[PDB]
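Below: the structure, in structure tokens.
Each reported figure results from applying straightforward, stated rules to the coordinates on display, with no laboratory input. Because the Cβ atoms are built from the backbone with ideal geometry, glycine has one as well, and the counts that use them run over all protein chains shown.
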Amino acid sequence: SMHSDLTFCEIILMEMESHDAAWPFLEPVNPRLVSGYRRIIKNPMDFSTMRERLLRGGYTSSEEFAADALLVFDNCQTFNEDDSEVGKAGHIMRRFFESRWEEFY
Ligand SMILES: CCCOc1ccn2c(C(C)=O)cc(-c3ccccc3S(C)(=O)=O)c2c1
């Protein structure tokens, strides 16, 4: 149901926000600080933007919430080197997200 779907999304968002590897993903990247960011990343996303969407009602399905999560990780992979701490955190978070999503559904 919509209620059960959004309940699970709230759980997994909290689990992601509180994860050891969440530290790069808690706010938007600031393109005034990271000058070239919005030339490379055309669709920014982060956990705080997901929280705002969820708490309002902007998601109508669990899959829409999940698509934003995957976009966070895709953006991280596009912008950051795989050997960087941020890049490694993105890979960890993707694996965590996919495992929680799959074990549930
Ligand atoms: C001042 C230049 C900062 O450069 C970057 C470039 C990219 N990122 C990312 C991602 C996901 O691409 C994340 C950060 C980051 C890292 C640690 C703390 C805070 C941040 S952030 C989300 O406030 O930019 C971060 C910082």
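For the range 68-105, a tally of residues being part of a loop (DSSP other than H, G, I, E, B) and within 25 Å of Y37 (Cα to Cα) returns 5. The residues of the range 14-67 that are surrounded by 12 or more Cβ atoms within 10 Å (Cβ to Cβ), within 16 Å of the ligand (Cβ to nearest atom) and in a helix (DSSP H, G or I), listed by number, are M16, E17, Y37, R38, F47, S48, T49, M50, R51.
For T78, the stated conditions do not hold, so it cannot be described as more than 15 Å from the ligand (Cβ to nearest atom), surrounded by fewer than 15 Cβ atoms within 10 Å (Cβ to Cβ) and β-branched (V, I, T).
Please verify whether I11 is near the ligand (Cβ under 10 Å from one of its atoms) and either among the charged types (D, E, K, R) or without any contact (Cβ under 8 Å) to a residue 60 or more places away in the chain (or both), treating the condition exactly as stated. The answer is no for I11. So which residues in the range 88-105 are closer than 13 Å to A21 by Cα and surrounded by 17 or more Cβ atoms within 10 Å (Cβ to Cβ), if there are any at all? Listed by number, the residues that qualify are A89, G90, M93, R94, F96, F97. For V86, the conditions (1) within 15 Å of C9 (Cα to Cα); (2) near the ligand (Cβ under 9 Å from one of its atoms) all hold with the exception of (1).
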